[PDB]
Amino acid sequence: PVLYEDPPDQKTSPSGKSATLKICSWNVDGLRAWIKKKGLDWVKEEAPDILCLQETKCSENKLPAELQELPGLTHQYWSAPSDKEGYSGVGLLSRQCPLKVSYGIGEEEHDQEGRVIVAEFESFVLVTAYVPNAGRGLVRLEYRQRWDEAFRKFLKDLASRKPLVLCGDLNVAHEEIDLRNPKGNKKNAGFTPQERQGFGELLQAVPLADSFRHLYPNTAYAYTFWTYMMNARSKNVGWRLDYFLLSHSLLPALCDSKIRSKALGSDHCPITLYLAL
């Protein structure tokens, strides 16, 4: 059906400033099978300054050896669930050394599934996240609302002291333009009133801006996730669940927020952010 071709990368700030930092985020949905699907040859080409991975499904002991073979991303940090083995998990790889690296959001109820790494750098503080899925039948919908409130107060406090960049799978399509089939999904995980109101309260509270919508407020059919079933990806029946939210003070540095719709290895695709620090 309908198509989307991501525009060419703009590497120049609105004030003419050239791009310094290139961040990349990707929900790999199985880091080991992603590695097996030649996913790591792709990021070697993208050459990002920072790499954020979500849904690694891989305890820190089982990490493949080819991760230690990325000559430009040697500082690697991982978070994993306390108990469950092939579930959730996030990772943050960096070309430069972070000043401080912290894990989780400071409330033990939400820190048992390895969902958040916080990497503080010189000019800003990066946060990569993998928000809990409300799940089919919406069993975790009530829990998800408790998470969103505590995650918002956690982010609001970080931005209080330093410019903030949130990134990763946020497991919500903000608006009707952010998914292919809006009407039939008002009662499904990812496009419920409560999840969408929560994303809205996030932008308003810390505060943050959706990078992609700030540069392309009216671009439709631009998705980051496609269900493996029903040939969803070949038909571009997708969802935009992967984001880059910036502090308002960082918008003069924003050069481009990209969506690599063609990169394989996962039921998500990578997203890239160009900043000028």
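Residue numbers here begin at 1 and follow the sequence given.
The PDB entry records a higher mean C-alpha B factor for 61-69 than for its counterpart among 61-69 and 236-244. Averaged over CA atoms, B-factors in the entry run higher in 77-85 than in the other of 125-133 and 77-85.
Across the residues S257, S25, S266, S13, the deposited record lists the maximum Cα B factor for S13. Comparing the listed residues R180, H174, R144, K183, the entry records the largest Cα B-factor for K183. The PDB entry assigns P48 a C-alpha temperature factor belonging to the lowest third of its chain's modelled residues. Split the chain's modelled residues into thirds by C-alpha temperature factor. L251 is in the highest one. Annotation for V165: CA B-factor lies in the lowest third of the chain's modelled residues. Sort the modelled residues of the chain by CA B factor and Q194 lands in the highest third. When the CA B factors of the chain's modelled residues are split into thirds, the value for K36 lands in the highest one.
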